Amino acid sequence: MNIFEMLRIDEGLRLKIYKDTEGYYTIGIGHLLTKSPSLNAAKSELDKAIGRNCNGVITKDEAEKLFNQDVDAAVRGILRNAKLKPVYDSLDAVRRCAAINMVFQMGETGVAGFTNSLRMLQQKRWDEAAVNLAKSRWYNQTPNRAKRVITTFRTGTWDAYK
């Protein structure tokens, strides 16, 4: 397992514009296009992202390249953020994947509410961090996804994905 396989399992793959769990236009392996309600705005964002007139549909190769860009952007966002980088650097490789997964799903702004969880993770208080992470809108709205990610933080293994 690696971060790409983990997120592919969590996000799936769709080659036509779809709506995510919050209702936002998305494509590929969980690539958010726009929070605007306008399908035309989403189609415009898609064409800009891919570099051709897609009319709402992409190829598997295009989806995989977008996905690689999105994972890289999540990692770079962690490394540039003074609050997230020290926690990330304290984690082992499996738990670092769980961190990238959360940033991919919620962004740097969405993880900002997890200050107390981040401190527990940095202190390696895994069971306490797991309980704290579950006391969140995230867990209550996407519980199966959150359970897999939390189990990865709690155990440092891939067992939730196997």
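All residue numbers refer to positions in the sequence shown, first residue = 1.
- Comparing 144-152 with 16-24, the higher mean C-alpha B-factor in the PDB entry belongs to 16-24.
- For the pair 39-47 and 96-104, the mean Cα B-factor is higher in 39-47.
- Per the PDB record, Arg52 has a higher Cα B-factor than any other of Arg137, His31, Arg52, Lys124.
- In the deposited entry, the Cα temperature factor of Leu133 places it in the lowest third of its chain's modelled residues.
- Annotation for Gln69: CA B-factor lies in the lowest third of the chain's modelled residues.
- In the deposited entry, the Cα temperature factor of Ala82 sits in the top third of values across the chain's modelled residues.
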